[PDB]
Amino acid sequence: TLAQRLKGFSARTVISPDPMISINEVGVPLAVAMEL
Amino acid sequence: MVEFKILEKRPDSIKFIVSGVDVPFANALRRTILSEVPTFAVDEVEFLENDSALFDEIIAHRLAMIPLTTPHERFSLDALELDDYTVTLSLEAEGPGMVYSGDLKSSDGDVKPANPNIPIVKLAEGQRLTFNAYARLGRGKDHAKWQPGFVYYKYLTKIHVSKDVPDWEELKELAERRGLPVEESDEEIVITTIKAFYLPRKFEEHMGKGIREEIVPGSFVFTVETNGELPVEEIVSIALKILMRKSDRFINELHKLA
Amino acid sequence: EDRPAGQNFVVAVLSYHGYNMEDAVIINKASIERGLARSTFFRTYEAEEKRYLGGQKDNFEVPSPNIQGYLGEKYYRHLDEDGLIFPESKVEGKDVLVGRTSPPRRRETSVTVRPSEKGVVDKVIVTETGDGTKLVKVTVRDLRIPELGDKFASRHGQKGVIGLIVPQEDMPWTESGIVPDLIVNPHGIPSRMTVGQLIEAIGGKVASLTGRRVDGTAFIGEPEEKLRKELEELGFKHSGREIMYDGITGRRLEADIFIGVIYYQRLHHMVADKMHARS
Amino acid sequence: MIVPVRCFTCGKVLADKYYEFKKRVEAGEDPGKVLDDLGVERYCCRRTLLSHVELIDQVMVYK
Amino acid sequence: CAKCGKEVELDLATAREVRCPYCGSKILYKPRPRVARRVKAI
Amino acid sequence: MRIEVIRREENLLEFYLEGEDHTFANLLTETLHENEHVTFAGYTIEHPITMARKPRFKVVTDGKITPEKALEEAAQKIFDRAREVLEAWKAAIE
Amino acid sequence: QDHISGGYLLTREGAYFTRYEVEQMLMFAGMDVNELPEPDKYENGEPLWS
Amino acid sequence: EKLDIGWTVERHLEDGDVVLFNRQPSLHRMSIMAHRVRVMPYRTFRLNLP
Ligand SMILES: [Zn+2]
């Protein structure tokens with residue numbers, strides 16, 4: 001009953017390095033960019 | 001000052017010593033030979049049936065790995081815009097028996113596999129294989145299948161080994177045993193590095209004092225080899241042509257800017 | 001030895017371009033494009049012609065362009081006469097492999113291919129179950145080239161992810177003519193204490209030169225210094241390192257570069273099956 | 001799986017020297033000399049033929 | 001339209017059960033279609 | 001091979017060279033270093049991933065020559081050298 | 001890791017980078033035109049960059 | 001067509017868009033940081049090394 005009742009846009013993938021992008025930038029795969 | 005000295009001419013390969021240039025240019029040459037100088041190779045294959053022990057993709061890739069004769073006297077291999085001329089290398093076989101590269105039918109007697117003894121795929125009973133691979137001109141930079149061959153070069157250096165170094169005779173003997181030019185005098189021995197010369201650890205303690213290495217400015221030893229697609233001399237020729245054409249194109253772009 | 005799982009990569013140890021830092025690993029483009037480290041993924045879907053107790057049945061037929069659960073469009077473009085694909089027909093997205101048709105209590109429920117999967121059909125068997133119901137098993141293969149993000153690891157717990165695929169042209173070469181297949185950052189060695197990997201590199205070099213396969217059995221394998229002392233008489237610096245030239249500019253680096261042949265294994269952690277997004 | 005047609009690092013023809021390699025070693029002739037008698041310069045290209053497995057002689061006997 | 005374990009094809013349809021009426025075998029194989037198949041050789 | 005002008009200044013030119021790689025870029029730079037009037041001549045590829053691959057050149061002179069002329073000079077040097085080398089080359093196989 | 005090793009090599013007592021190296025690689029950063037690059041501290045052994 | 005002002009487009013990710021990068025386990029706050037999308041091919045997230 002009652003005393004037993006009240007009781008009881010994203011993505012994910014591998015990461016790769018990139019010292020050629022800005023420190024605040026993030027590399028996002030364009031396929032992921034086409035879904036999000 | 002430009003000068004060559006062909007050391008050896010082998011079956012579709014060559015070893016030589018370029019002198020009077022420098023690092024930059026020699027790299028332009030080599031990189032161009034690898035990634036620019038075009039050949040013929042299978043781009044795509046249209047399979048009609050494949051009951052062989054391999055997948056369509058594997059076989060197709062292997063077909064792309066087969067060196068195809070590239071006639072330099074028929075096509076502009078120095079062109080920046082290559083011809084989209086298509087060659088049809090077809091085949092219809094049936095097991096049992098092994099399929100070689102020499103079994104391939106060509107739509108052009110000038111464009112065939114350079115080597116007919118390359119194992120493709122083994123066919124067993126009732127295993128048919130019918131396809132018409134399309135071959136085009138391509139560059140190594142887009143896919144390594146189109147690479148005409150390989151080039152490796154090093155600084156042409158002289159190794160001075162003072163006779164103050166215990167057992168220098170062994171170094172001399174090693175050099176002669178490996179085919180490196182040895183010069184002897186009233187002091188040390190000079191070894192010409194037309195190839196890598198790895199000194200013994202036994203002698204690594206003399207690295208500096210009695211033993212020292214000097215680079216010959218501008219002189220590099222190269223080794224160029226192909227697969228049968230192109231004559232080995234022709235590849236170098238075409239590379240140089242590519243250099244010239246690239247620079248020319250660049251100036252053409254410069255004039256239309258100002 | 002009769003059924004291995006990996007390849008001998010001629011690995012070079014240096015940080016190039018700074019794309020192999022933090023366990024990352026750099027790969028020769030050409031080598032990949034020539035076969036090295038390529039693999040195929042396999043996944044078989046099944047479809048059992050269930051017979052409902054009520055008397056109704058499924059029957060695998062091409063779902064007639066009607067109503068009830070119908071996907072519409074040419075998602076059924078690949079289906080045949082019986083609503084089953086034929087081999088070597090490119091599969092992708094929510095493509096229908098077998099056209100089902102379950103009655104009321106008629107829906108679709110046709111088995112479609114997984115989301116982040118594609119590729120080509122290989123075998124389409126067909127048979128019966130113990131129930132005496134027509135069973136269809138269709139397997140799909142997916143060509144998988146070692147792309148950016150895939151996981152690689154040697155037999156020394158030295159796991160790493162492909163950080164960048166650099167063209168063989170930019171790839172540095174040794175005076176002997178050797179071009180690296182996999183370049184590991186030199187920062188992933190002194191911190192960890194894995195001498196066996198370096199010794200394995202030297203052993204693979206000797207093995208490649210001599211022709212011997214070399215015995216590295218625990219406790220009873222050649223003491224490292226012997227492979228080091230043999231490697232030279234084979235014609236190579238004892239130190240596992242050689243002279244390498246910078247493929248970009250051209251001057252040879254003012255140091256020696258430890259190059260070896262270490263056996264790398266491709267793990268089943270392919271980025272193709274890790275990436276996914278939510279709308 | 002039948003000798004990686006050509007090579008990986010050194011990417012030149014090598015499949016065409018499979019049979020005679022194997023058969024030459026299958027008499028006692030040390031591979032490290034057999035290879036030398038054939039077009040086997042660098043070890044990178046040599047490795048591809050040294051450590052090969054030819055699993056295909058199992059797989060065909062199927063479908 | 002079929003095959004089984006080490007022999008030849010069969011005809012289409014069905015009504016009672018499915019075993020190869022040429023081998024007595026139970027498994028059927030859909031052979032690859034002999035049509036055109038372009039495999040992009042990379 | 002297209003030249004995308006990034007920025008122009010008095011005796012200064014920054015631009016992208018579409019369709020080019022390390023080969024021609026590097027060769028052109030090191031060739032550009034021979035002109036004593038060229039104060040600066042460098043390139044880098046702030047994009048090593050996409051298909052672009054295109055580089056970024058920057059050439060700065062001292063006023064006694066425009067960057068454009070210096071570039072023409074460099075490419076001309078390249079052309080002449082490659083031709084000479086080719087002639088020796090063919091004139092070797094003997 | 002490499003940032004540390006690179007900072008060391010770049011700021012070493014014996015750190016002399018020929019024009020080829022300095023000029024071509026400063027493009028990994030920026031900042032030159034006039035009174036930045038100047039003026040080559042060492043021309044003793046050879047004209048070089050500390 | 002005549003979209004007129006006031007509509008709304010769901011455009012693909014552009015270079016520079018605000019985006020949160022996250023790695024579990026999320027110990028300190030520094031585990032979730034705002035980044036600037038720089039759209040690139042292949043199939044991994046690129047993180048600048050520092
Ligand atoms: Zn090799």
# chains A, B, ... in the order shown; residues from 1 in each chain; ligands from 1
>>> select_by_dssp(residues="chain A", states="strand (DSSP E or B)", output="number ranges by chain")
A: 11-12, 15-17, 25-29
>>> write_last_selection(atoms="N, CA, C and O atoms", output="PDB file, in the first residue's frame")
ATOM      1  N   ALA A  11      26.575  11.857 -26.263  1.00  0.00           N
ATOM      2  CA  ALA A  11      27.360  10.919 -27.058  1.00  0.00           C
ATOM      3  C   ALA A  11      28.552  10.386 -26.273  1.00  0.00           C
ATOM      4  O   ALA A  11      29.006  11.008 -25.313  1.00  0.00           O
ATOM      5  N   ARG A  12      29.061   9.233 -26.692  1.00  0.00           N
ATOM      6  CA  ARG A  12      30.161   8.576 -26.001  1.00  0.00           C
ATOM      7  C   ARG A  12      31.037   7.859 -27.019  1.00  0.00           C
ATOM      8  O   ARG A  12      30.521   7.231 -27.936  1.00  0.00           O
ATOM      9  N   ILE A  15      38.740   8.312 -26.964  1.00  0.00           N
ATOM     10  CA  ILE A  15      39.436   9.591 -27.058  1.00  0.00           C
ATOM     11  C   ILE A  15      40.836   9.438 -27.661  1.00  0.00           C
ATOM     12  O   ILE A  15      41.522   8.445 -27.415  1.00  0.00           O
ATOM     13  N   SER A  16      41.244  10.425 -28.456  1.00  0.00           N
ATOM     14  CA  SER A  16      42.575  10.452 -29.044  1.00  0.00           C
ATOM     15  C   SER A  16      43.207  11.816 -28.794  1.00  0.00           C
ATOM     16  O   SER A  16      42.502  12.812 -28.667  1.00  0.00           O
ATOM     17  N   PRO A  17      44.546  11.869 -28.720  1.00  0.00           N
ATOM     18  CA  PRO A  17      45.202  13.145 -28.412  1.00  0.00           C
ATOM     19  C   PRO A  17      45.212  14.102 -29.592  1.00  0.00           C
ATOM     20  O   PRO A  17      45.011  13.681 -30.732  1.00  0.00           O
ATOM     21  N   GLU A  25      39.201  23.641 -26.962  1.00  0.00           N
ATOM     22  CA  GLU A  25      38.483  22.980 -28.045  1.00  0.00           C
ATOM     23  C   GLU A  25      38.357  21.479 -27.817  1.00  0.00           C
ATOM     24  O   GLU A  25      39.159  20.878 -27.102  1.00  0.00           O
ATOM     25  N   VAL A  26      37.343  20.881 -28.433  1.00  0.00           N
ATOM     26  CA  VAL A  26      37.175  19.434 -28.400  1.00  0.00           C
ATOM     27  C   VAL A  26      36.933  18.891 -29.806  1.00  0.00           C
ATOM     28  O   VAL A  26      36.167  19.463 -30.585  1.00  0.00           O
ATOM     29  N   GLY A  27      37.609  17.799 -30.135  1.00  0.00           N
ATOM     30  CA  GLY A  27      37.418  17.159 -31.420  1.00  0.00           C
ATOM     31  C   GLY A  27      36.192  16.274 -31.388  1.00  0.00           C
ATOM     32  O   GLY A  27      36.128  15.324 -30.612  1.00  0.00           O
ATOM     33  N   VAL A  28      35.209  16.590 -32.222  1.00  0.00           N
ATOM     34  CA  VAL A  28      34.004  15.780 -32.309  1.00  0.00           C
ATOM     35  C   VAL A  28      33.868  15.198 -33.709  1.00  0.00           C
ATOM     36  O   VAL A  28      33.844  15.941 -34.691  1.00  0.00           O
ATOM     37  N   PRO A  29      33.788  13.859 -33.803  1.00  0.00           N
ATOM     38  CA  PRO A  29      33.612  13.159 -35.079  1.00  0.00           C
ATOM     39  C   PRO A  29      32.404  13.712 -35.815  1.00  0.00           C
ATOM     40  O   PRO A  29      31.338  13.828 -35.215  1.00  0.00           O
TER      41      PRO A  29
END
>>> closest_atom_pairs(of="chain B", to="ligand 1", cutoff="12 Å", atoms="only C-alpha atoms and all ligand atoms", output="Markdown table")
| residue | atom | partner | partner_atom_place_in_ligand_line | distance |
| --- | --- | --- | --- | --- |
| B:149 | CA | ligand 1 | 1 (Zn) | 11.5 |
| B:150 | CA | ligand 1 | 1 (Zn) | 9.8 |
| B:151 | CA | ligand 1 | 1 (Zn) | 11.7 |
| B:152 | CA | ligand 1 | 1 (Zn) | 11.4 |
| B:225 | CA | ligand 1 | 1 (Zn) | 12.0 |
>>> write_last_selection(atoms="C-alpha atoms", output="JSON list (two decimals), in the first residue's frame")
[["chain", "number", "residue", "atom", "x", "y", "z"],
["B", 149, "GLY", "CA", 58.00, 0.93, -55.09],
["B", 150, "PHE", "CA", 60.31, 2.15, -52.35],
["B", 151, "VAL", "CA", 63.17, 4.56, -51.76],
["B", 152, "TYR", "CA", 65.45, 4.79, -48.74],
["B", 225, "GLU", "CA", 63.19, -0.49, -56.19]]
>>> residues_around(residues="range 34-44 of chain H", least_positions_apart="5", cutoff="7 Å", atoms="only C-alpha atoms", output="list in words")
residues 13, 14, 15, 16, 24, 25, 26, 27, 28, 29, 30 and 33 of chain A; 148, 149 and 271 of chain C; 50 of chain F; 14, 15, 16, 17, 18, 19, 20 and 21 of chain H
>>> write_last_selection(atoms="N, CA and C atoms", output="short mmCIF file (atom, residue, chain, number, x, y, z; two decimals), in the first residue's frame")
data_model
loop_
_atom_site.label_atom_id
_atom_site.label_comp_id
_atom_site.auth_asym_id
_atom_site.auth_seq_id
_atom_site.Cartn_x
_atom_site.Cartn_y
_atom_site.Cartn_z
N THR A 13 32.36 7.96 -26.86
CA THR A 13 33.30 7.25 -27.73
C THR A 13 34.72 7.29 -27.19
N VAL A 14 35.64 6.68 -27.93
CA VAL A 14 37.05 6.66 -27.56
C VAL A 14 37.66 8.05 -27.70
N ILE A 15 38.74 8.31 -26.96
CA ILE A 15 39.44 9.59 -27.06
C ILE A 15 40.84 9.44 -27.66
N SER A 16 41.24 10.42 -28.46
CA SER A 16 42.58 10.45 -29.04
C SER A 16 43.21 11.82 -28.79
N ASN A 24 40.86 24.66 -25.15
CA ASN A 24 39.45 24.67 -24.78
C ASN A 24 38.60 23.97 -25.83
N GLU A 25 39.20 23.64 -26.96
CA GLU A 25 38.48 22.98 -28.05
C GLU A 25 38.36 21.48 -27.82
N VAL A 26 37.34 20.88 -28.43
CA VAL A 26 37.18 19.43 -28.40
C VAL A 26 36.93 18.89 -29.81
N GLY A 27 37.61 17.80 -30.14
CA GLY A 27 37.42 17.16 -31.42
C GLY A 27 36.19 16.27 -31.39
N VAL A 28 35.21 16.59 -32.22
CA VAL A 28 34.00 15.78 -32.31
C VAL A 28 33.87 15.20 -33.71
N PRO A 29 33.79 13.86 -33.80
CA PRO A 29 33.61 13.16 -35.08
C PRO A 29 32.40 13.71 -35.82
N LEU A 30 32.57 14.05 -37.09
CA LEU A 30 31.52 14.76 -37.82
C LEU A 30 30.23 13.95 -37.94
N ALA A 33 28.51 14.82 -34.94
CA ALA A 33 28.06 16.19 -35.14
C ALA A 33 26.79 16.23 -35.99
N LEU C 148 40.95 5.26 -36.56
CA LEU C 148 41.26 6.07 -35.40
C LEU C 148 40.38 5.68 -34.21
N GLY C 149 41.02 5.30 -33.11
CA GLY C 149 40.32 5.01 -31.87
C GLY C 149 40.30 3.57 -31.43
N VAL C 271 36.25 1.05 -32.05
CA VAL C 271 35.51 2.29 -31.87
C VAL C 271 34.17 2.29 -32.62
N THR F 50 41.90 15.88 -40.84
CA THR F 50 40.96 15.94 -41.95
C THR F 50 41.65 15.66 -43.28
N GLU H 14 28.42 22.86 -35.25
CA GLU H 14 29.33 23.74 -35.94
C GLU H 14 30.60 23.91 -35.12
N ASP H 15 31.70 24.26 -35.79
CA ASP H 15 32.94 24.54 -35.09
C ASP H 15 32.77 25.72 -34.14
N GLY H 16 32.84 25.45 -32.84
CA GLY H 16 32.77 26.51 -31.85
C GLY H 16 31.61 26.39 -30.87
N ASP H 17 30.68 25.48 -31.14
CA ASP H 17 29.52 25.31 -30.27
C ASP H 17 29.90 24.89 -28.85
N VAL H 18 29.13 25.37 -27.88
CA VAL H 18 29.37 25.04 -26.48
C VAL H 18 29.03 23.58 -26.22
N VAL H 19 29.96 22.86 -25.61
CA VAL H 19 29.79 21.43 -25.38
C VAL H 19 30.49 20.98 -24.10
N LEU H 20 29.84 20.10 -23.36
CA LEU H 20 30.39 19.58 -22.11
C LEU H 20 31.13 18.27 -22.37
N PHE H 21 32.37 18.21 -21.92
CA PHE H 21 33.15 16.99 -22.04
C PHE H 21 33.23 16.32 -20.67
#
>>> closest_atom_pairs(of="chain B", to="chain E", cutoff="7 Å", atoms="only C-alpha atoms", output="tab-separated table")
residue	atom	partner	partner_atom	distance
B:42	CA	E:41	CA	6.8
B:43	CA	E:41	CA	5.5
B:44	CA	E:40	CA	4.2
B:45	CA	E:39	CA	5.1
B:46	CA	E:38	CA	3.8
B:47	CA	E:37	CA	4.7
B:48	CA	E:36	CA	5.0
B:49	CA	E:34	CA	5.4
B:56	CA	E:39	CA	6.6
B:57	CA	E:39	CA	6.4
B:60	CA	E:41	CA	4.8
B:61	CA	E:41	CA	4.9
B:64	CA	E:41	CA	6.2
>>> atom_distance(atom1="CA of residue 178 in chain C", atom2="CA of residue 261 in chain C")
10.7 Å
>>> atom_distance(atom1="CA of residue 208 in chain C", atom2="CA of residue 171 in chain C")
21.0 Å
>>> closest_atom_pairs(of="chain A", to="chain F", cutoff="9 Å", atoms="only C-alpha atoms", output="Markdown table")
| residue | atom | partner | partner_atom | distance |
| --- | --- | --- | --- | --- |
| A:18 | CA | F:48 | CA | 8.9 |
| A:20 | CA | F:46 | CA | 5.9 |
| A:21 | CA | F:46 | CA | 7.7 |
>>> write_last_selection(atoms="N, CA, C and O atoms", output="compact mmCIF listing (two decimals), in the first residue's frame")
# COMPACT_ATOMS: atom_id res chain seq x y z
N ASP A 18 45.44 15.38 -29.31
CA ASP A 18 45.50 16.40 -30.35
C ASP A 18 46.09 17.70 -29.81
O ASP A 18 45.35 18.59 -29.41
N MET A 20 47.21 19.90 -31.48
CA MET A 20 47.10 20.84 -32.59
C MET A 20 45.78 21.60 -32.56
O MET A 20 45.49 22.40 -33.45
N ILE A 21 44.98 21.34 -31.54
CA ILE A 21 43.74 22.08 -31.33
C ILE A 21 43.85 22.92 -30.07
O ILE A 21 44.67 22.64 -29.20
>>> residues_around(residues="residue 101 in chain B", least_positions_apart="3", cutoff="12 Å", atoms="only C-alpha atoms", output="PyMOL selection string")
(chain B and resi 59+62-68+89-91+93+98+104-106+112-122) or (chain D and resi 5+13+15-16)
>>> atom_distance(atom1="CA of residue 29 in chain H", atom2="CA of residue 35 in chain A")
27.5 Å
>>> closest_atom_pairs(of="chain G", to="chain H", cutoff="12 Å", atoms="only C-alpha atoms", output="JSON lines")
{"residue": "G:1", "atom": "CA", "partner": "H:50", "partner_atom": "CA", "distance": 9.5}
{"residue": "G:2", "atom": "CA", "partner": "H:49", "partner_atom": "CA", "distance": 10.0}
{"residue": "G:3", "atom": "CA", "partner": "H:50", "partner_atom": "CA", "distance": 8.7}
{"residue": "G:4", "atom": "CA", "partner": "H:50", "partner_atom": "CA", "distance": 11.2}
>>> closest_atom_pairs(of="chain C", to="chain B", cutoff="7 Å", atoms="only C-alpha atoms", output="Markdown table")
| residue | atom | partner | partner_atom | distance |
| --- | --- | --- | --- | --- |
| C:30 | CA | B:144 | CA | 5.2 |
| C:33 | CA | B:144 | CA | 6.1 |
| C:34 | CA | B:144 | CA | 6.8 |
| C:169 | CA | B:31 | CA | 5.8 |
| C:175 | CA | B:154 | CA | 5.7 |
| C:176 | CA | B:196 | CA | 6.0 |
| C:177 | CA | B:152 | CA | 5.6 |
| C:235 | CA | B:198 | CA | 6.6 |
| C:236 | CA | B:198 | CA | 5.6 |
| C:237 | CA | B:198 | CA | 5.4 |
| C:249 | CA | B:24 | CA | 6.8 |
| C:250 | CA | B:23 | CA | 5.6 |
| C:251 | CA | B:23 | CA | 6.3 |
>>> write_last_selection(atoms="C-alpha atoms", output="short mmCIF file (atom, residue, chain, number, x, y, z; two decimals), in the first residue's frame")
data_model
loop_
_atom_site.label_atom_id
_atom_site.label_comp_id
_atom_site.auth_asym_id
_atom_site.auth_seq_id
_atom_site.Cartn_x
_atom_site.Cartn_y
_atom_site.Cartn_z
CA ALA C 30 50.61 2.44 -45.61
CA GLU C 33 46.32 0.20 -46.29
CA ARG C 34 48.22 -2.99 -47.15
CA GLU C 169 55.93 9.34 -46.37
CA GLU C 175 69.26 3.83 -42.73
CA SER C 176 68.66 0.10 -43.11
CA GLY C 177 65.32 0.89 -44.73
CA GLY C 235 74.51 -6.40 -38.63
CA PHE C 236 72.84 -3.94 -36.22
CA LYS C 237 73.64 -1.74 -33.19
CA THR C 249 62.14 18.02 -42.99
CA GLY C 250 64.90 15.53 -43.65
CA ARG C 251 67.86 15.95 -41.35
#
>>> interface_residues(of="chain D", to="chain E", cutoff="12 Å", atoms="only C-alpha atoms", output="tab-separated table (two decimals) with C-alpha atoms, in the first residue's frame")
chain	number	residue	atom	x	y	z
D	61	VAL	CA	37.79	-27.77	-46.10
D	62	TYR	CA	34.43	-26.23	-45.24
D	63	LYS	CA	32.46	-23.83	-47.44
>>> residues_around(residues="residue 202 in chain C", least_positions_apart="3", cutoff="9 Å", atoms="only C-alpha atoms", output="ChimeraX atom specification")
/C:197-199,205-207,224,227-228,231,238-240,259-262
>>> write_last_selection(atoms="C-alpha atoms", output="mmCIF file, in the first residue's frame")
data_model
loop_
_atom_site.group_PDB
_atom_site.id
_atom_site.type_symbol
_atom_site.label_atom_id
_atom_site.label_comp_id
_atom_site.auth_asym_id
_atom_site.auth_seq_id
_atom_site.Cartn_x
_atom_site.Cartn_y
_atom_site.Cartn_z
ATOM 1 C CA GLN C 197 58.749 -5.663 -23.953
ATOM 2 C CA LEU C 198 62.117 -4.138 -24.873
ATOM 3 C CA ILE C 199 63.780 -7.549 -24.705
ATOM 4 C CA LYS C 205 64.737 -8.088 -34.497
ATOM 5 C CA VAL C 206 67.190 -10.985 -34.094
ATOM 6 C CA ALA C 207 64.450 -13.420 -35.107
ATOM 7 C CA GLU C 224 68.971 -10.725 -23.180
ATOM 8 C CA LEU C 227 70.445 -11.641 -28.269
ATOM 9 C CA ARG C 228 72.025 -8.205 -27.935
ATOM 10 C CA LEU C 231 72.038 -8.846 -33.104
ATOM 11 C CA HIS C 238 73.447 -3.793 -29.958
ATOM 12 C CA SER C 239 71.314 -1.123 -28.426
ATOM 13 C CA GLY C 240 68.175 -1.993 -30.360
ATOM 14 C CA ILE C 259 63.377 0.073 -33.160
ATOM 15 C CA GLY C 260 62.218 -3.492 -32.633
ATOM 16 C CA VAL C 261 59.657 -6.051 -33.731
ATOM 17 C CA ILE C 262 57.137 -6.539 -30.947
#
>>> residues_around(residues="residue 171 in chain B", least_positions_apart="2", cutoff="12 Å", atoms="only C-alpha atoms", output="NGL selection string")
(:B and (159-163 or 165-169 or 173-178 or 180 or 182 or 188-191 or 197-204 or 211)) or (:C and (233))
>>> residues_around(residues="range 123-126 of chain B", least_positions_apart="2", cutoff="6 Å", atoms="only C-alpha atoms", output="PyMOL selection string")
chain B and resi 52+95-98
>>> interface_residues(of="chain F", to="chain B", cutoff="8 Å", atoms="only C-alpha atoms", output="ChimeraX atom specification")
/F:1-3,23-24,26-27,30-31,68,71-72,75-76,78-80,82-86,88-90,92-93
